[PDB]
$ cat work_20.cif   # mmCIF, C-alpha atoms
data_work
loop_
_atom_site.label_atom_id
_atom_site.label_comp_id
_atom_site.auth_asym_id
_atom_site.auth_seq_id
_atom_site.Cartn_x
_atom_site.Cartn_y
_atom_site.Cartn_z
CA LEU B 1 0.00 0.00 0.00
CA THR B 2 1.06 3.61 -0.61
CA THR B 3 0.69 6.59 1.70
CA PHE B 4 0.51 8.72 -1.45
CA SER B 5 -2.40 6.63 -2.71
CA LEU B 6 -3.90 7.15 0.76
CA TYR B 7 -3.39 10.87 0.15
CA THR B 8 -5.40 10.50 -3.06
CA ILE B 9 -8.10 8.81 -0.95
CA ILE B 10 -7.99 11.84 1.40
CA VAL B 11 -8.34 14.11 -1.67
CA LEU B 12 -11.45 12.29 -2.86
CA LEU B 13 -12.90 12.24 0.67
CA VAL B 14 -12.46 16.00 1.11
CA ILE B 15 -13.95 16.51 -2.37
CA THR B 16 -16.96 14.56 -1.12
CA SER B 17 -16.64 16.80 1.96
CA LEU B 18 -16.99 20.00 -0.08
CA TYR B 19 -20.46 19.58 -1.57
CA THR B 20 -22.35 16.65 -0.09
CA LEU B 21 -22.23 17.31 3.65
CA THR B 22 -21.96 20.98 2.67
CA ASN B 23 -25.41 21.02 1.08
CA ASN B 24 -28.05 21.53 3.71
CA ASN B 25 -30.78 19.44 2.02
CA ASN B 26 -30.67 21.08 -1.43
CA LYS B 27 -31.69 24.57 -0.35
CA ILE B 28 -32.05 27.56 -2.68
CA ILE B 29 -30.50 29.95 -0.18
CA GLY B 30 -26.97 28.61 -0.60
CA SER B 31 -25.52 28.28 2.90
CA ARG B 32 -22.14 29.35 4.23
CA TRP B 33 -20.32 26.15 3.36
CA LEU B 34 -21.75 26.37 -0.17
CA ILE B 35 -20.68 30.01 -0.73
CA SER B 36 -17.10 28.66 -0.92
CA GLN B 37 -17.70 26.54 -4.02
CA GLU B 38 -20.09 29.22 -5.30
CA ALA B 39 -17.28 31.79 -5.32
CA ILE B 40 -14.85 29.23 -6.73
CA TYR B 41 -17.31 28.45 -9.53
CA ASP B 42 -17.73 32.12 -10.35
CA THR B 43 -14.03 32.96 -10.20
CA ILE B 44 -13.28 30.14 -12.61
CA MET B 45 -16.32 31.02 -14.74
CA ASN B 46 -15.49 34.71 -15.17
CA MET B 47 -11.90 33.64 -15.71
CA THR B 48 -12.23 31.19 -18.55
CA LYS B 49 -15.12 32.97 -20.26
CA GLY B 50 -12.97 36.00 -20.94
CA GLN B 51 -9.90 33.85 -21.40
CA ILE B 52 -10.75 31.59 -24.31
CA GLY B 53 -13.76 33.61 -25.55
CA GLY B 54 -15.25 30.82 -27.60
CA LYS B 55 -18.76 30.69 -28.93
CA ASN B 56 -18.44 27.17 -27.51
CA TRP B 57 -16.31 28.07 -24.51
CA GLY B 58 -17.94 26.18 -21.68
CA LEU B 59 -17.18 22.76 -23.19
CA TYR B 60 -13.69 22.87 -21.71
CA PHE B 61 -14.95 24.60 -18.59
CA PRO B 62 -15.20 21.19 -16.77
CA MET B 63 -11.56 20.15 -17.22
CA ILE B 64 -10.14 23.54 -16.17
CA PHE B 65 -12.21 23.06 -13.03
CA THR B 66 -10.95 19.58 -12.27
CA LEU B 67 -7.38 20.51 -13.13
CA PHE B 68 -7.74 23.38 -10.67
CA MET B 69 -9.33 21.63 -7.72
CA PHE B 70 -6.88 18.72 -7.57
CA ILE B 71 -4.05 21.19 -7.37
CA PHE B 72 -6.05 23.39 -5.00
CA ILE B 73 -6.76 20.54 -2.58
CA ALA B 74 -3.39 18.75 -2.77
CA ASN B 75 -1.73 22.03 -1.77
CA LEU B 76 -3.99 22.39 1.27
CA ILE B 77 -3.21 18.95 2.67
CA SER B 78 0.56 18.89 3.13
CA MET B 79 0.24 22.37 4.73
CA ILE B 80 -0.45 20.41 7.92
CA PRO B 81 3.05 19.68 9.39
CA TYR B 82 2.87 15.95 10.10
CA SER B 83 2.32 14.86 6.51
CA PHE B 84 4.30 13.63 3.51
CA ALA B 85 4.79 15.46 0.22
CA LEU B 86 1.75 15.28 -2.06
CA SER B 87 2.45 17.64 -4.95
CA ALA B 88 6.23 17.77 -4.54
CA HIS B 89 6.78 14.66 -6.66
CA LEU B 90 7.99 16.47 -9.78
CA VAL B 91 7.81 13.19 -11.72
CA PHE B 92 4.06 12.94 -11.17
CA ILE B 93 3.25 16.62 -11.70
CA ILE B 94 5.45 17.04 -14.77
CA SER B 95 3.97 13.77 -16.06
CA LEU B 96 0.53 15.36 -15.64
CA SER B 97 1.76 18.44 -17.52
CA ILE B 98 3.10 16.26 -20.34
CA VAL B 99 -0.30 14.55 -20.54
CA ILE B 100 -2.01 17.95 -20.69
CA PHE Z 1 11.03 3.14 -7.72
CA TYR Z 2 7.38 4.09 -7.31
CA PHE Z 3 6.80 6.16 -10.44
CA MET Z 4 4.28 3.55 -11.61
CA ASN Z 5 2.53 3.61 -8.24
CA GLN Z 6 2.07 7.39 -7.94
CA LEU Z 7 1.40 7.81 -11.68
CA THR Z 8 -1.21 5.06 -11.99
CA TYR Z 9 -3.19 5.92 -8.86
CA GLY Z 10 -3.01 9.60 -9.80
CA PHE Z 11 -4.36 8.94 -13.31
CA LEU Z 12 -7.14 6.79 -11.87
CA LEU Z 13 -8.08 9.67 -9.59
CA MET Z 14 -7.84 12.02 -12.61
CA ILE Z 15 -10.41 10.04 -14.60
CA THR Z 16 -12.50 9.74 -11.43
CA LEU Z 17 -12.45 13.47 -10.75
CA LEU Z 18 -13.18 14.45 -14.36
CA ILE Z 19 -16.22 12.19 -14.76
CA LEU Z 20 -17.21 12.82 -11.13
CA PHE Z 21 -17.13 16.63 -11.15
CA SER Z 22 -18.70 16.74 -14.61
CA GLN Z 23 -21.64 14.43 -13.83
CA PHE Z 24 -22.29 15.62 -10.27
CA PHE Z 25 -20.63 18.61 -8.78
CA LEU Z 26 -20.80 21.35 -11.38
CA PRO Z 27 -24.44 20.96 -12.54
CA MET Z 28 -25.64 20.50 -8.96
CA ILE Z 29 -24.68 24.16 -8.58
CA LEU Z 30 -25.93 25.10 -12.05
CA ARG Z 31 -29.34 23.86 -10.89
CA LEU Z 32 -29.11 26.38 -8.05
CA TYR Z 33 -28.35 29.12 -10.58
CA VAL Z 34 -31.20 28.18 -12.92
CA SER Z 35 -33.61 27.77 -9.99
CA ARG Z 36 -32.79 31.19 -8.54
CA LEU Z 37 -33.09 32.85 -11.93
CA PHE Z 38 -36.35 31.03 -12.64
CA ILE Z 39 -37.80 32.25 -9.36
CA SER Z 40 -36.59 35.82 -9.97
CA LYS Z 41 -37.77 35.98 -13.59
CA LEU Z 42 -40.89 33.89 -12.77
CA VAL C 1 -75.09 52.49 -38.26
CA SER C 2 -75.26 49.57 -35.86
CA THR C 3 -74.25 48.54 -32.37
CA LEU C 4 -70.51 47.97 -32.13
CA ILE C 5 -69.47 45.25 -29.69
CA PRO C 6 -66.15 45.51 -27.82
CA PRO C 7 -67.39 45.11 -24.21
CA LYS C 8 -67.38 41.32 -24.13
CA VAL C 9 -64.53 40.13 -26.34
CA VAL C 10 -62.48 39.00 -23.34
CA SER C 11 -63.19 35.37 -24.28
CA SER C 12 -60.32 34.91 -26.73
CA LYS C 13 -58.47 37.93 -25.33
CA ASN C 14 -57.19 36.31 -22.13
CA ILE C 15 -54.49 34.29 -23.89
CA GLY C 16 -52.81 37.07 -25.83
CA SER C 17 -52.03 39.69 -23.20
CA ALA C 18 -48.62 39.74 -21.55
CA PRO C 19 -49.40 39.21 -17.81
CA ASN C 20 -51.43 36.13 -18.74
CA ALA C 21 -48.10 34.30 -19.02
CA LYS C 22 -47.10 35.46 -15.53
CA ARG C 23 -50.55 34.54 -14.19
CA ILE C 24 -50.45 31.01 -15.61
CA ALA C 25 -46.84 30.74 -14.49
CA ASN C 26 -47.40 31.49 -10.83
CA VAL C 27 -50.66 29.62 -10.48
CA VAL C 28 -48.43 26.65 -11.31
CA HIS C 29 -45.66 27.97 -9.05
CA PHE C 30 -47.89 28.27 -5.99
CA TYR C 31 -49.75 24.98 -5.62
CA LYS C 32 -47.12 22.34 -4.82
CA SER C 33 -45.00 24.53 -2.53
CA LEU C 34 -45.09 23.23 1.06
CA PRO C 35 -46.70 25.86 3.32
CA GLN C 36 -44.44 26.87 6.21
CA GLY C 37 -41.25 24.82 6.20
CA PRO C 38 -43.39 21.70 6.52
CA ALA C 39 -42.17 18.16 5.86
CA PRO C 40 -38.78 19.36 7.16
CA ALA C 41 -37.59 16.08 8.73
CA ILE C 42 -35.39 18.10 11.08
CA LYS C 43 -33.81 15.00 12.65
CA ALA C 44 -32.20 12.13 10.77
CA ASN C 45 -29.65 9.62 11.99
CA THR C 46 -27.32 7.51 9.84
CA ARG C 47 -24.38 7.44 12.36
CA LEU C 48 -23.02 10.64 10.72
CA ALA C 49 -26.09 12.74 9.86
CA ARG C 50 -25.97 14.08 13.42
CA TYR C 51 -22.47 15.37 12.59
CA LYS C 52 -23.93 17.32 9.66
CA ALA C 53 -26.90 18.49 11.74
CA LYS C 54 -24.61 19.80 14.47
CA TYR C 55 -21.95 21.18 12.13
CA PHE C 56 -22.98 21.56 8.48
CA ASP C 57 -26.37 23.25 8.39
CA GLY C 58 -27.05 26.90 7.66
CA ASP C 59 -27.25 27.73 11.37
CA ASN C 60 -23.89 26.65 12.82
CA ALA C 61 -21.65 26.95 9.73
CA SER C 62 -18.48 27.68 11.74
CA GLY C 63 -15.09 26.43 10.63
CA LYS C 64 -14.54 24.14 13.68
CA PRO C 65 -14.98 20.79 11.79
CA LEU C 66 -12.16 22.00 9.56
CA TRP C 67 -10.37 22.49 12.88
CA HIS C 68 -11.51 18.97 13.81
CA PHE C 69 -10.38 17.75 10.40
CA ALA C 70 -7.11 19.63 10.93
CA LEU C 71 -6.68 17.72 14.18
CA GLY C 72 -7.62 14.59 12.23
CA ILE C 73 -4.51 14.98 10.13
CA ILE C 74 -2.70 15.72 13.39
CA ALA C 75 -4.23 12.45 14.55
CA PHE C 76 -3.23 10.60 11.40
CA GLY C 77 0.42 10.97 10.43
CA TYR C 78 1.78 11.29 13.97
CA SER C 79 0.58 7.75 14.68
CA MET C 80 2.29 6.83 11.41
CA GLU C 81 5.29 8.54 12.99
CA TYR C 82 4.99 5.83 15.64
CA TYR C 83 4.78 3.34 12.78
CA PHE C 84 7.79 4.82 10.94
CA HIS C 85 10.08 7.16 12.85
CA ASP W 1 11.72 19.11 15.90
CA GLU W 2 8.48 19.11 13.89
CA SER W 3 6.40 20.12 16.94
CA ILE W 4 7.72 23.65 16.42
CA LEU W 5 5.97 23.73 13.04
CA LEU W 6 2.72 22.50 14.57
CA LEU W 7 3.16 25.15 17.27
CA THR W 8 3.41 27.82 14.56
CA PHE W 9 0.31 26.26 13.01
CA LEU W 10 -1.53 26.51 16.35
CA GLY W 11 -0.60 30.18 16.63
CA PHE W 12 -1.73 30.69 13.03
CA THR W 13 -5.08 29.02 13.66
CA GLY W 14 -5.47 31.18 16.76
CA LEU W 15 -4.93 34.21 14.52
CA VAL W 16 -7.43 32.77 12.01
CA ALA W 17 -10.12 32.25 14.66
CA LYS W 18 -9.36 35.76 15.92
CA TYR W 19 -9.31 37.56 12.59
CA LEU W 20 -10.56 35.73 9.48
CA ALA W 21 -13.64 33.75 10.59
CA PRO W 22 -15.62 36.85 11.74
CA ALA W 23 -14.75 38.56 8.45
CA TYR W 24 -15.91 35.54 6.44
CA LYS W 25 -18.91 35.44 8.78
CA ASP W 26 -19.78 39.03 7.82
CA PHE W 27 -19.10 38.27 4.15
CA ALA W 28 -21.31 35.18 4.05
CA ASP W 29 -23.97 36.96 6.10
CA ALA W 30 -24.01 39.94 3.72
CA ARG W 31 -24.28 37.69 0.67
CA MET W 32 -26.93 35.57 2.41
CA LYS W 33 -29.06 38.55 3.40
CA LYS W 34 -28.70 40.04 -0.08
CA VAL W 35 -29.79 36.82 -1.81
CA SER W 36 -32.69 36.35 0.62
CA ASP W 37 -33.69 39.99 0.17
CA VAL W 38 -33.79 39.92 -3.64
CA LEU W 39 -35.41 36.47 -3.64
CA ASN W 40 -38.19 37.60 -1.30
CA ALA W 41 -38.61 40.93 -3.09
CA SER W 42 -39.20 39.28 -6.48
CA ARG W 43 -41.91 37.12 -4.91
CA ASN W 44 -43.61 40.07 -3.21
CA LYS W 45 -43.32 42.05 -6.46
CA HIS W 46 -45.14 39.46 -8.53
CA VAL W 47 -47.65 39.10 -5.69
CA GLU W 48 -48.41 42.77 -6.31
CA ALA W 49 -48.35 42.04 -10.05
CA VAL W 50 -51.11 39.50 -9.43
CA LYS W 51 -52.90 42.18 -7.38
CA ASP W 52 -52.61 44.57 -10.34
CA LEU I 1 -57.00 34.58 -8.62
CA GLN I 2 -58.44 34.97 -5.12
CA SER I 3 -57.57 31.31 -4.55
CA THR I 4 -54.09 31.97 -5.96
CA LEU I 5 -53.73 34.91 -3.54
CA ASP I 6 -54.81 32.75 -0.60
CA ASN I 7 -52.42 29.98 -1.68
CA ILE I 8 -49.68 32.60 -2.05
CA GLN I 9 -50.14 33.92 1.47
CA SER I 10 -49.74 30.63 3.36
CA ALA I 11 -47.30 28.75 1.12
CA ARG I 12 -44.11 30.85 0.86
CA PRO I 13 -41.30 28.91 2.61
CA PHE I 14 -38.93 31.33 0.96
CA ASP I 15 -35.83 30.68 3.06
CA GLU I 16 -36.24 26.91 3.26
CA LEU I 17 -37.56 25.59 -0.05
CA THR I 18 -35.78 22.59 -1.55
CA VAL I 19 -34.70 22.75 -5.19
CA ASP I 20 -35.88 19.15 -5.53
CA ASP I 21 -39.38 20.50 -4.91
CA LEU I 22 -38.72 23.00 -7.69
CA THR I 23 -37.72 20.16 -9.99
CA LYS I 24 -40.88 18.37 -8.85
CA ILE I 25 -43.04 21.41 -9.59
CA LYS I 26 -41.27 22.17 -12.90
CA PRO I 27 -39.58 19.61 -15.18
CA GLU I 28 -38.72 22.71 -17.23
CA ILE I 29 -35.97 23.20 -14.61
CA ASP I 30 -34.22 19.90 -15.31
CA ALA I 31 -34.97 20.21 -19.04
CA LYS I 32 -33.20 23.56 -19.35
CA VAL I 33 -30.36 22.45 -17.05
CA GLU I 34 -29.77 19.26 -19.03
CA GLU I 35 -29.98 21.08 -22.38
CA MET I 36 -27.64 23.71 -20.96
CA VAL I 37 -25.02 21.12 -20.07
CA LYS I 38 -25.50 19.28 -23.39
CA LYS I 39 -24.92 22.47 -25.36
CA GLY I 40 -22.37 23.68 -22.82
CA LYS I 41 -23.59 27.24 -22.17
CA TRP I 42 -22.30 27.25 -18.59
CA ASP I 43 -22.86 31.01 -18.57
CA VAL I 44 -26.28 31.78 -17.10
CA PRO I 45 -27.45 34.90 -18.98
CA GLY I 46 -29.42 37.58 -17.21
CA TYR I 47 -27.94 36.52 -13.89
CA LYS I 48 -25.15 38.94 -12.99
CA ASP I 49 -27.41 42.00 -12.85
CA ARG I 50 -29.70 41.09 -9.95
CA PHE I 51 -27.46 38.40 -8.42
CA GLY I 52 -23.83 39.31 -7.87
CA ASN I 53 -20.88 37.46 -9.37
CA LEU I 54 -19.50 37.56 -5.77
CA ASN I 55 -16.06 36.25 -6.73
CA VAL I 56 -12.63 37.58 -5.81
CA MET I 57 -12.02 38.89 -9.33
#
$ encode --input "work_20.cif" --output "C-alpha cells"
Amino acid sequence: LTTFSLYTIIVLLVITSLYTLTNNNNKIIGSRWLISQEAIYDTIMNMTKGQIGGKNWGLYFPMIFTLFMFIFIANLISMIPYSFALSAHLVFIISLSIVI
Amino acid sequence: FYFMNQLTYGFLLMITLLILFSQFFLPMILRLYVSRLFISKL
Amino acid sequence: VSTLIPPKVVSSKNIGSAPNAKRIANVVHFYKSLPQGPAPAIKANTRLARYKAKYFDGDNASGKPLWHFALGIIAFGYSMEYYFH
Amino acid sequence: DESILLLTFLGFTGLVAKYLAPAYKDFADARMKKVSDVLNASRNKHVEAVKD
Amino acid sequence: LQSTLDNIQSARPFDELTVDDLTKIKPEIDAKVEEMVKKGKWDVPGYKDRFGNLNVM
C-alpha cells in the first residue's frame, strides 16, 4: 500500500466533503459552506469565459475546473506539518503536464 | 522506484475526478443558478 | 349604423395579453410549494447525519470541523510517525 | 523538531479564529441577506403584479 | 386569482424551499439544465445584474 495513494483517498474524501455534507438538504439559499464553491465556480467562470472567448467556450470549462481543484486541494493537505509530500513529486506533476 | 505507483493511482483519480465533477458537482450548482433565476424571472 | 361590440370580447383575449403568461406561471408555481417549512424532517440519523446536523447546516456553519479535520490529520500521520520514525 | 511547526500552526489558527472567521462570517452573512432579500422581493413584487 | 392569492399567502417557505421540490413542480428546470449542459452554455445569462458574481475577481 502507498501513503501517497492514501493521500489520493484523502483528496477524494475531502472533495466529497466540499459539496455533499456541505449542502443543507438542497436549499435555494446557498448556505455558508456552499458560498465557498459558489465563489470558486464564479471565479473560474469569469476567468475562462474572458480567457478563451469561444462561442463554444464552456465545453472545456469542466476540465479547467478539475485541473484546478486537484491542485487546489493537494496544496492544502501537506500544509499540515505531520504529513508527507503530495504535490512535490515532480515526476508525477510534470507527467501530468506532459499529458495535458 | 514508485513512479508507476504514484502515476497510476493519480491517473485513476484524474479520470475519477473528471467524470465525477462533470456528472455531479458542477451541474448541482448550475441547478441552483437556474432555480434562482427562474424564481426571480418567474 | 349599428351597435358595435367591444365590451365582451375578453373570451379569446385572455391568452394574448402579456401578464397572462405570468398569471399562468405562478398559479403553477404556488400549488405544490409546502406551506411553512413543513415536511422538514429536522432529525435524521445515519451514524453521521448528526455530525452534519450539528456542524454543516445553515445555522452553525463555523469552521470548527475543519479544525476537527485539521486535528484529524494531526491524529493521522503522527501515529504513522509511531509506525515509521 | 516538527512540533515547532505544529506550534506555529496553532498560533496561526489562533490568529485565524481571531481575525478571518468573523470577516468571512460578515461576508457570508451579507451575501446571504442580499440573496434572501432579492429572492423575497421578487416574490412580493409578482404578488403585487397579481394584485394589479 | 383569489384562490391563488390565498395559496400565495400561506405557502411561501422562501428561506427553506428545496430545489428538488422546484424540480418536482417544474420539469422545465431539469430540461433547461440538461440542455444547458449538453450544449455547454455554462454562462447563465441575465444573472449577474440582480445576483452578484461575488467572486474575488
$ closest_atom_pairs --input "work_20.cif" --of "chain C" --to "chain B" --cutoff "10 Å" --atoms "all atoms listed in the file" --output "CSV"
residue,atom,partner,partner_atom,distance
C:40,CA,B:25,CA,9.5
C:48,CA,B:21,CA,9.8
C:49,CA,B:21,CA,8.6
C:51,CA,B:21,CA,9.2
C:52,CA,B:21,CA,6.2
C:53,CA,B:24,CA,8.7
C:55,CA,B:21,CA,9.3
C:56,CA,B:22,CA,5.9
C:57,CA,B:24,CA,5.3
C:58,CA,B:31,CA,5.2
C:59,CA,B:31,CA,8.7
C:60,CA,B:32,CA,9.2
C:61,CA,B:32,CA,6.0
C:62,CA,B:32,CA,8.5
C:63,CA,B:33,CA,9.0
C:69,CA,B:14,CA,9.7
C:70,CA,B:80,CA,7.4
C:71,CA,B:80,CA,9.2
C:73,CA,B:80,CA,7.1
C:74,CA,B:82,CA,6.5
C:75,CA,B:82,CA,9.1
C:76,CA,B:82,CA,8.2
C:77,CA,B:82,CA,5.6
C:78,CA,B:82,CA,6.2
C:79,CA,B:82,CA,9.7
C:80,CA,B:82,CA,9.2
C:81,CA,B:82,CA,8.3
$ resolve_selection --input "work_20.cif" --expression "the PyMOL selection byres ((chain Z) within 8 of (chain W))" --output "ChimeraX atom specification"
/Z:36,39-41
$ residues_around --input "work_20.cif" --residues "residue B:47" --least-positions-apart "6" --cutoff "12 Å" --atoms "only C-alpha atoms" --output "short mmCIF file (atom, residue, chain, number, x, y, z; two decimals) with C-alpha atoms, in the frame of the given file"
data_model
loop_
_atom_site.label_atom_id
_atom_site.label_comp_id
_atom_site.auth_asym_id
_atom_site.auth_seq_id
_atom_site.Cartn_x
_atom_site.Cartn_y
_atom_site.Cartn_z
CA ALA B 39 -17.28 31.79 -5.32
CA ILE B 40 -14.85 29.23 -6.73
CA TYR B 41 -17.31 28.45 -9.53
CA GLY B 53 -13.76 33.61 -25.55
CA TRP B 57 -16.31 28.07 -24.51
CA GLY B 58 -17.94 26.18 -21.68
CA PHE B 61 -14.95 24.60 -18.59
CA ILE B 64 -10.14 23.54 -16.17
CA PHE B 65 -12.21 23.06 -13.03
CA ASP I 43 -22.86 31.01 -18.57
CA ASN I 53 -20.88 37.46 -9.37
CA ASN I 55 -16.06 36.25 -6.73
CA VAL I 56 -12.63 37.58 -5.81
CA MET I 57 -12.02 38.89 -9.33
#
$ closest_atom_pairs --input "work_20.cif" --of "chain I" --to "chain B" --cutoff "7 Å" --atoms "all atoms listed in the file" --output "Markdown table"
| residue | atom | partner | partner_atom | distance |
| --- | --- | --- | --- | --- |
| I:15 | CA | B:29 | CA | 6.3 |
| I:16 | CA | B:27 | CA | 6.3 |
| I:17 | CA | B:27 | CA | 6.0 |
| I:18 | CA | B:27 | CA | 4.7 |
| I:19 | CA | B:26 | CA | 5.8 |
| I:20 | CA | B:26 | CA | 6.9 |
| I:40 | CA | B:58 | CA | 5.2 |
| I:41 | CA | B:58 | CA | 5.8 |
| I:42 | CA | B:58 | CA | 5.5 |
| I:53 | CA | B:42 | CA | 6.3 |
| I:54 | CA | B:39 | CA | 6.2 |
| I:55 | CA | B:39 | CA | 4.8 |
| I:56 | CA | B:43 | CA | 6.5 |
| I:57 | CA | B:43 | CA | 6.3 |
$ closest_atom_pairs --input "work_20.cif" --of "chain Z" --to "chain I" --cutoff "12 Å" --atoms "all atoms listed in the file" --output "CSV"
residue,atom,partner,partner_atom,distance
Z:22,CA,I:37,CA,9.4
Z:23,CA,I:37,CA,9.8
Z:24,CA,I:37,CA,11.6
Z:26,CA,I:42,CA,9.4
Z:27,CA,I:37,CA,7.6
Z:28,CA,I:33,CA,9.6
Z:29,CA,I:33,CA,10.3
Z:30,CA,I:33,CA,7.2
Z:31,CA,I:33,CA,6.4
Z:32,CA,I:19,CA,7.3
Z:33,CA,I:44,CA,7.3
Z:34,CA,I:29,CA,7.1
Z:35,CA,I:29,CA,6.9
Z:36,CA,I:51,CA,9.0
Z:37,CA,I:47,CA,6.6
Z:38,CA,I:29,CA,8.1
Z:39,CA,I:22,CA,9.4
Z:40,CA,I:50,CA,8.7
Z:41,CA,I:46,CA,9.2
Z:42,CA,I:26,CA,11.7
$ write_last_selection --input "work_20.cif" --atoms "C-alpha atoms" --output "mmCIF file, in the frame of the given file"
data_model
loop_
_atom_site.group_PDB
_atom_site.id
_atom_site.type_symbol
_atom_site.label_atom_id
_atom_site.label_comp_id
_atom_site.auth_asym_id
_atom_site.auth_seq_id
_atom_site.Cartn_x
_atom_site.Cartn_y
_atom_site.Cartn_z
ATOM 1 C CA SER Z 22 -18.700 16.740 -14.610
ATOM 2 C CA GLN Z 23 -21.640 14.430 -13.830
ATOM 3 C CA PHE Z 24 -22.290 15.620 -10.270
ATOM 4 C CA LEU Z 26 -20.800 21.350 -11.380
ATOM 5 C CA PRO Z 27 -24.440 20.960 -12.540
ATOM 6 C CA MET Z 28 -25.640 20.500 -8.960
ATOM 7 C CA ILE Z 29 -24.680 24.160 -8.580
ATOM 8 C CA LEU Z 30 -25.930 25.100 -12.050
ATOM 9 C CA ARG Z 31 -29.340 23.860 -10.890
ATOM 10 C CA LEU Z 32 -29.110 26.380 -8.050
ATOM 11 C CA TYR Z 33 -28.350 29.120 -10.580
ATOM 12 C CA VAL Z 34 -31.200 28.180 -12.920
ATOM 13 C CA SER Z 35 -33.610 27.770 -9.990
ATOM 14 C CA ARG Z 36 -32.790 31.190 -8.540
ATOM 15 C CA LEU Z 37 -33.090 32.850 -11.930
ATOM 16 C CA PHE Z 38 -36.350 31.030 -12.640
ATOM 17 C CA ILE Z 39 -37.800 32.250 -9.360
ATOM 18 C CA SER Z 40 -36.590 35.820 -9.970
ATOM 19 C CA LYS Z 41 -37.770 35.980 -13.590
ATOM 20 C CA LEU Z 42 -40.890 33.890 -12.770
#
$ residues_around --input "work_20.cif" --residues "residue I:7" --least-positions-apart "5" --cutoff "12 Å" --atoms "all atoms listed in the file" --output "PyMOL selection string"
(chain C and resi 26-36) or (chain W and resi 47) or (chain I and resi 1-2+12-13)
$ resolve_selection --input "work_20.cif" --expression "the PyMOL selection byres ((chain W) within 12 of (chain B))" --output "ChimeraX atom specification"
/W:1-10,12-13,21,24-40
$ atom_distance --input "work_20.cif" --atom1 "atom CA of residue C:54" --atom2 "atom CA of residue B:9"
25.1 Å
$ closest_residue --input "work_20.cif" --among "C:43, C:68, C:50, C:23" --to "chain I" --atoms "all atoms listed in the file"
C:23
$ closest_residue --input "work_20.cif" --among "C:72, C:38, C:6, C:16" --to "chain I" --atoms "all atoms listed in the file"
C:38
$ atom_distance --input "work_20.cif" --atom1 "atom CA of residue C:37" --atom2 "atom CA of residue I:9"
13.6 Å
$ atom_distance --input "work_20.cif" --atom1 "atom CA of residue Z:17" --atom2 "atom CA of residue B:66"
6.5 Å
$ resolve_selection --input "work_20.cif" --expression "the PyMOL selection byres ((chain B) within 8 of (chain Z))" --output "PyMOL selection string"
chain B and resi 2+4-5+8+12+19+28+38+62-63+66+91-92+95
